[PDB]
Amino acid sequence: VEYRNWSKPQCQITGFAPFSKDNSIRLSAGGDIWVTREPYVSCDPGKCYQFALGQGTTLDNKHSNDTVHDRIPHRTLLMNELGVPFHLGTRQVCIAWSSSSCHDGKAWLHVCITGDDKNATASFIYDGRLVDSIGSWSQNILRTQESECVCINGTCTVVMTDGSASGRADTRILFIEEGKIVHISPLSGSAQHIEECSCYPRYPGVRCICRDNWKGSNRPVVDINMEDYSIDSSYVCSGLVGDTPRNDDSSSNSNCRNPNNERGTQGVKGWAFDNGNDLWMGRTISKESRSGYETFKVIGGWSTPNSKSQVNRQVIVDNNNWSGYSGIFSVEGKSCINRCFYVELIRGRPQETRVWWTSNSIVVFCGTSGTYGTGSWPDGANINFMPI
């Protein structure tokens, strides 16, 4: 087995085609299924896996009550083959209320964060053993991507933040070889707040589109040089911005450099990627709520400040249905690297108060150079049929 280099061109895509759906919540009404949130997808060279953070309980279980909370000691990272729902034979890979995972061509790295808010621990598990750990550097919820990390030539990189969720924080980029931290670079450039990065290989480097939780409804960009560990950062140029909340399309702005100060506080994990001067991106359909999900290409979305000409829109989840986090993953093809994404479909509290739990299912799409139609692939559970 050889290390991945991702040294192929990006697949030229026309949009996205359906790839996977797990129907977790519908199944939870007639089966023992894990309560989860913060899902993601990552693939080894042969096949894909779905990950999520468990809440230490199944849904039809009194312990599902009040699982809206983000951090308890019982949260563990779950890992199954993509499309295998989180049933009771699911492996809990590590203890984690925040995580990232990636395969370097030889083995899986898992970055697992747990413990006290003011003094958390990140464990680095590689090829089935604990190789390293780091403690909190700002004593304020050490946290990471909630999606796949990226490895080139046996060096994996992951973005982590510690500090305020509503003000300047301390973001660092780790470089990890076979589970061992070999270098840590501080964030540099013009991005002013970084959360929950969605990163992808862009050989010879790695590029991340993240969440600004402080002053931006435009999404920050972090560029990671894998050769010298140098970091740059900025914001997605597109005037059609990717965060939630955000302004209406007619009054939203980005200048590529600064947070836009437009409903900037709070946010949601999301993704985008560049193709030359253009941008492919997803976002919730609602400007204020985690409802619906759409993708489109923005002409000049990568290179032209405040560009708003979109094309090739697809509805993934219609706006009468709940969405959630979304993130990118990359899949090596015969001659190119494809970009895929997942959407977290959050059900229960706080939006749906008939039930006392909070959980999610997922839907997953992959880039295509072919053609496609239309649809909507929401969670699909009837809240009135659920155990409360």
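We number the residues from 1 along the sequence you see. Superpose the two forms; the largest set of C-alphas matching within 1.5 Å is the rigid core.
- Item | Comparing 167-175 and 67-75 where Cα RMS over structures and residues is taken in 6 other deposited structures of this protein (core fit), larger one | Higher root mean square deviation of C-alphas in 6 other deposited structures of this protein is shown by 67-75.
- Message: Please tell me which region, 58-66 or 336-344, has C-alphas lying farther from the displayed form on average in 6 other deposited structures of this protein, with superposition done on the core.
- Response: Between 58-66 and 336-344, greater C-alpha deviation in 6 other deposited structures of this protein belongs to 58-66.
- Segment of higher mean CA temperature factor, 222-230 or 280-288: Averaging CA B-factors over each stretch, the winner is 222-230.
- Message: I need to verify one thing: averaged over C-alpha atoms only, is the B-factor higher for 1-9 or for 379-387?
- Response: Taking the mean C-alpha B-factor of 1-9 and of 379-387, the larger value falls to 1-9.
- Query: What's the residue among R347, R26, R339, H69 with the greatest CA temperature factor in the PDB record?
  - Reply: Spelled out: the listed residue with the top C-alpha B-factor is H69.
- Have a look at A165, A122, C197, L82 and flag the one whose Cα has the highest B-factor in the entry. Answer, based on the entry's C-alpha B-factors: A165.
- Mind checking which third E178 falls in for C-alpha B-factor across the chain? CA B-factor rank for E178: highest third.
- Query: Taking the entry's C-alpha B-factors for this chain, is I299 in the lowest, middle or highest third?
  - Reply: It falls in the top third of the chain.
- Task: Please place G154 in the lowest, middle or highest third of its chain by C-alpha B factor as given in the entry.
- Result: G154: CA B-factor falls in the highest third of its chain.
- Message: Ranking the modelled residues of this chain by C-alpha B-factor as given in the entry, is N321 in the lowest, middle or highest third?
- Response: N321: CA B-factor falls in the middle third of its chain.
- By the record's CA B-factor, is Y235 among the lowest, middle or highest third of residues in the chain? Its C-alpha B-factor belongs to the middle third of this chain's values.
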